[PDB]
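>>> part one of the complex, untouched from its place in the assembly:
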Amino acid sequence: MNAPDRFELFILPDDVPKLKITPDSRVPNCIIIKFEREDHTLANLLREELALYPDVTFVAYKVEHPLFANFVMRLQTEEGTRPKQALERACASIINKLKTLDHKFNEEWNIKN
């Protein structure tokens, strides 16, 4: 009678953006990103990918409430780099790593036959 729908976890409404970027003015060259309809799966992956770049100085995420399906991520970079650019770079790098992983798994499965 107060239970929300089990598909509001992942189905993005039309009035809710998938992604929203605001800058943190306290420290230089930092941005706050809210990811809607996502959870720890994307957040931790992105966080541990970004934490290993030389040009990324701060990166973190939190899920403020478990009953709401979003997370917010703080990411700072050095003077030349833009945190947004580091975010596309991390996404592309993880995509390539998964592609190589898929190719090798398929080859291994074929060899096992």
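Received the coordinates, thanks. Residues are numbered from 1 along each chain as shown, chains lettered A, B, ... in the order given.

>>> do you know how far the closest residue to residue A:63 other than its chain neighbours is from residue A:28?
Nearest non-adjacent residue to residue A:63, counting by C-beta to C-beta, 6 or more residues apart in numbering: residue A:71, 4.7 Å away. Using the backbone N, CA and C atoms, a C-beta is placed for each residue, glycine as well. Going from residue A:71 to residue A:28 by C-beta to C-beta, to the nearest Å gives 24 Å.

>>> Between those two, which has more neighbouring residues?
residue A:71 (21 against 12; other C-beta atoms under 10 Å).

>>> helix or strand for that one, which one?
strand A:70-77 (DSSP states H and E).

>>> mind listing what's buried in the following helix or strand past that strand?
Later in the chain than strand A:70-77, the nearest helix or strand by DSSP H and E is helix A:83-112. Counting neighbours by 16 or more other C-beta atoms under 10 Å, one finds that the buried residues in helix A:83-112 are A:83, A:86, A:87, A:89, A:90, A:94.

>>> next one is chain B, place it on the structure:
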Amino acid sequence: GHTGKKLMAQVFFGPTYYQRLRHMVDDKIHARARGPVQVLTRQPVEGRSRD
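Putting chain B together with the chains above:
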């Protein structure tokens, strides 16, 4: 579960027999803005079932 990292402490783990008691929240949640009153005192009536 969030990170796959090991927990620094170990967890006491195993089956235990639990019971489903008759007290459910949906049988208890009650709100009233305005509703029926008593005939004599004209004060709100008594009872979740009676609003």
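
>>> near chain B, anything from the strand holding residue A:71?
No - Strand A:70-77 lies apart from chain B when judged by C-beta under 8 Å from any C-beta of the partner chain; the minimum separation is 10.8 Å.

>>> which helices and strands does that strand pack with?
strand A:30-36, helix A:40-50, strand A:56-62, helix A:83-112 (3 or more C-beta pairs under 8 Å, 6 or more residues apart in numbering or on different chains; DSSP states H and E).

>>> and that strand with strand A:30-36, angle?
Angle of strand A:70-77 versus strand A:30-36, following axes from the mean of the first three to the mean of the last three C-alpha atoms, to 10 degrees, is 160 degrees.

>>> Just to be sure, residue B:12 is in a helix?
No - applying DSSP: H, G, I helix; E, B strand; the rest coil, one finds residue B:12 to be coil, outside a helix.

>>> Also put chain C in, sequence below:
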Amino acid sequence: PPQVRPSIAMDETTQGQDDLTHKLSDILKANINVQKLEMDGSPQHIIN
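Just below you will find chain C, in place on the chains above:
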């Protein structure tokens, strides 16, 4: 007034008076019975 002693509804068609109403009716019966003794025979063990 009847506000102090309102009636109630049992099953959609039934009403019983409040206790005070039946008590007042009993008082009225007693009063009229008193007015039926100083008007005729009353051998002193009915007036009291």
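
>>> can you check what packs on strand A:70-77 again with chain C included?
Partner elements for strand A:70-77 (3+ C-beta pairs under 8 Å, 6+ apart): strand A:30-36, helix A:40-50, strand A:56-62, helix A:83-112.

>>> Would you mind writing the CA trace of the third one as PDB?
What it means is strand A:56-62. Provided in PDB are the C-alpha atoms of strand A:56-62 (Å, rounded to 0.1, in the frame of the first residue of the first chain):
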ATOM      1  CA  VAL A  56      42.700  12.400 -11.200                       C
ATOM      2  CA  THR A  57      43.300  13.900  -7.700                       C
ATOM      3  CA  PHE A  58      39.900  13.100  -6.000                       C
ATOM      4  CA  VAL A  59      37.200  10.600  -6.900                       C
ATOM      5  CA  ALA A  60      34.400   9.200  -4.700                       C
ATOM      6  CA  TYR A  61      30.800   8.200  -4.700                       C
ATOM      7  CA  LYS A  62      27.900   7.500  -2.300                       C
END
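
>>> Can you report how many residues lie near residue C:45?
A count of nearby residues for residue C:45, using other C-beta atoms under 10 Å in any protein chain shown, gives 6.
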